[PDB]
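*Asks:*
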Ligand code: NA
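Residue numbers (the deposited numbering): -1 to 207.
Encoded structure:
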């Protein structure tokens, strides 16, 4: 399959998807602009939980646990994650509890240079790698970054943009594949952060987060 085929299909869904994409982005921008440290922490926790899980699951976990991500002890947090169906509740709970060290630092991170903020989160936030750090930043309104998850990587491979799907990341390799996708986003006329939502609309016609 060729790149033009992908762009044409995206153009066919663009008009219908746009209101959903724009409304979802307004919510992301609201979080970055008006969100408290705890609000940002809950979004970081959403990204920990959806590393290898559906947006639907993470949204349900966020709804059910809420500020529990901030205050619950490890055992109680793990139990609530087990209750909402997470497959790895103990380890994700441990990541979230450890990440509480970042409360007080998130507002500045979200406002900082997004490439530098992503580097920080990769190194310092548990359960957050290159993809999940990009995801968190995008979900606070950042538009500069791609979220290279399995769905996006498979689309890129199917349309000849990359030759193989990476099963792990480094700074240089993530930046490289991200730049490939940035050029596609630019060809379409959208920022990487919004382009991601158009790409995901292709699957089932949904715009989650
Ligand atoms: Na990390």
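All residues carry an ideal CB built from backbone N, CA and C; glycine is no exception.
#1: In whole angstroms, give me the CA-to-CA distance for residue 18 and residue 200.
#2: Of the choices 192, 197, 186 and 121, whose alpha-carbon is the least far from that of residue 168?
#3: Grab the span of the alpha helix (DSSP H) containing residue 8 for me, first residue to last.
#4: Have a look at 108, 198, 184 and 113 and flag the residue whose alpha-carbon is nearest the alpha-carbon of residue 150.
#5: For residue 198, which three-state DSSP category applies?
#6: Are there three or more Cβ pairs, one per stretch, closer than 8 Å when the region 70 to 87 is compared with the region 99 to 108?
#7: For residue 137, verify whether its CB is less than 8 Å away from any heavy atom of the ligand NA.
#8: How about residue 121: is its Cβ closer than 8 Å to a heavy atom in the ligand NA?
#9: What is the DSSP secondary structure of residue 163, counted as helix, strand or coil?
*Replies:* In brief:
#1: Counting only the Cα atoms, residue 200 lies some 13 Å from residue 18.
#2: 121
#3: 1 to 32
#4: Selected option, being the one with the closest Cα: 198.
#5: helix
#6: no
#7: no
#8: Under cutoff, so the answer is yes.
#9: coil
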